[PDB]
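Single chain ahead, written as structure tokens, the form solved without the ligand.
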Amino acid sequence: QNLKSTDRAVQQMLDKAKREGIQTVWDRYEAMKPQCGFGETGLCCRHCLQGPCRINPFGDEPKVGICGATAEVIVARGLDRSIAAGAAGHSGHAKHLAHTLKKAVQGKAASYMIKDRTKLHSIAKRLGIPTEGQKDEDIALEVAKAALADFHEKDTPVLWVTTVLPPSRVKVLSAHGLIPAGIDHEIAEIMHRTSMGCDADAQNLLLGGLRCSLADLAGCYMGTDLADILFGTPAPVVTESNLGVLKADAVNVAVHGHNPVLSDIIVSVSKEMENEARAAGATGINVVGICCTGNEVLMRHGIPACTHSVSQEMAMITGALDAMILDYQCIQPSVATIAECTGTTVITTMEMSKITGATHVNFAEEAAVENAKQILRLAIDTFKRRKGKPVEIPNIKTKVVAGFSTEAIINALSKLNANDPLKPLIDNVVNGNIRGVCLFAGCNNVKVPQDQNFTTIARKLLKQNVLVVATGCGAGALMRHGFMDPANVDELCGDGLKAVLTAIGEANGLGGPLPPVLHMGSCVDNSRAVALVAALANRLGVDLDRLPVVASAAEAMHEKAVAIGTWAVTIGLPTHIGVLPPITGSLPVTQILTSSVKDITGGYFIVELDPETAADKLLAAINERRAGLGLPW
């Protein structure tokens, strides 16, 4: 089972699933092998009913699609649609939060409110919205209107791009025509240009993809901005992760998906139902996280994270998961059938994401508290039904220090230099105590033993004094393996990094270092890493493609991960991806994405499936940036 997952709790549940005959994601993967090589390389097209068209990577015919589409075109069109799909997900999440904010301040949903007034005013100021003499509710209405306006064409470009990157970066992108005109506008233009008989030039297609990836970035940044207004900006928090956070004697409720608009409410209501939970024989309601909705409630409230990504079904295999409350994205639909064998109540809540066989509760912000109580009552009913049933919760968990929003990081550094908080970080980059910054992002993927690339790469970088930040299921992988426990700093960190983590920690009262890796939140909260890197760029007077900052989607899966990787490249970062995207069928497309894009945006993809080699390549990319700044490395 260590060939399926490096997580010992997951391995234990894989053994239980095997003896109980419950099929898992790894079993379904095995049943899919050998997978189609045309699809894996990108050399398949189904964009019209003359297809499917395939092209042999090598050899004889077919060499070209029926309409004449070349391998270059086919691969670039497929990739562009994946970017658009990812942008559609992140920006659908942001759009939902925009409507939620508008409702809150129009007095239509009093379960929601402006919790972070400081963040509201700073976002308003960034967008050019006047705050002097205005009611907070009016400023917020303007912010939510601006958010909605970035989805369509208007007299300005997408402000959640142009106001969040350095002017010099905006200028470079504008010169190449890459600034998005509107988020849903770009998604639709991708779907148009990639349909049959339209764009058929790889460079032109890929430029469109880069622009659509910035629409994804805008959705991510908008989502983080709106969620912080509504739910609070994260600050350091201490919690736990892995399946041992489930408690046999409690009602275990997982929040799973991406958008916390309902699961933030679940967290609140669950505490006010502690006595109703007790009347049913439980100690309490134990809300736990899965995937990014879990990250959201971890970062804001310290809710423990049960599991992530590819291993999500394992939480149900314990027998102790009374409810799984779903919104959208990255939810394996197998959960609805597994639930019949495990006793879990799987509940969908969003109209555009239902799963056959799950119970649907139509969540409305207007009714959030009532809907939450209905859902938790189902979970309580379920707890009662498992009276007397043995459960097998692996007694395995890690300590997690998290909550490192960009504001939190700036505040932590400000204890070393109150009026120039970024300077202590920069000083330690210059002197080499911090070699550079690496962001780990993205999913797990069944093709890769779970977490093996995140942990292997992170260990090498941390020994070389790289400041490692993480989001999403990359943060999930690292937290489940102890990378967010400060007790592991001596083992994992080089001496320079340890010194910096210790100096900042001790200056923040902790009598101990910051954790080895800083958890910056959910996938949309990759936008927080952008905010940090852009602030560093501003403070140094250079663009992001001169900073010693890299990204790694070390185990990517979702179309959203492709979008994030592409915008990381577009904003100027060397960007590692540790699974193969469907590009190898076209050398010209591969060469653009891994090399000639450098001449457009300064960033580039590093495709490398061997994680030791990827770490070396990421270090070389960091060290090249250091050399370009005239720094030792």
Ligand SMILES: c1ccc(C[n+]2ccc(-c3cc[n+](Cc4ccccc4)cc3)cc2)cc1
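Sequential numbering from 1, following the sequence displayed.
There is also a form solved in complex with the ligand; it is not shown, and the following applies to it.
Original post:
With the cut-off set at 4.5 Å between non-hydrogen atoms, does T41 touch the ligand in the deposited complex?
Top reply: So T41 counts as contacting the ligand.
Original post:
Does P62 reach the ligand in the deposited complex if we count a contact as any heavy atom within 4.5 Å?
Top reply: Close contact is absent here: in the deposited complex, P62 is far from the ligand, nothing within 4.5 Å, heavy atoms only.
Original post:
Contact between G603 and the ligand in the deposited complex at 4.5 Å, heavy atoms?
Top reply: It does not: once the ligand is placed as it appears in the deposited complex, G603 has no heavy atom within 4.5 Å of it.
Original post:
Might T584 be said to contact the ligand in the deposited complex, defining contact as any heavy atom within 4.5 Å?
Top reply: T584: yes, in contact with the ligand in the deposited complex.
**OP:** Quick one: name the residues from 594-610 with any non-hydrogen atom within 4.5 angstroms of the ligand in the deposited complex.
**Re:** The stretch 594-610, when checked against the ligand in the deposited complex, contributes only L609 at the 4.5 Å heavy-atom cut-off.
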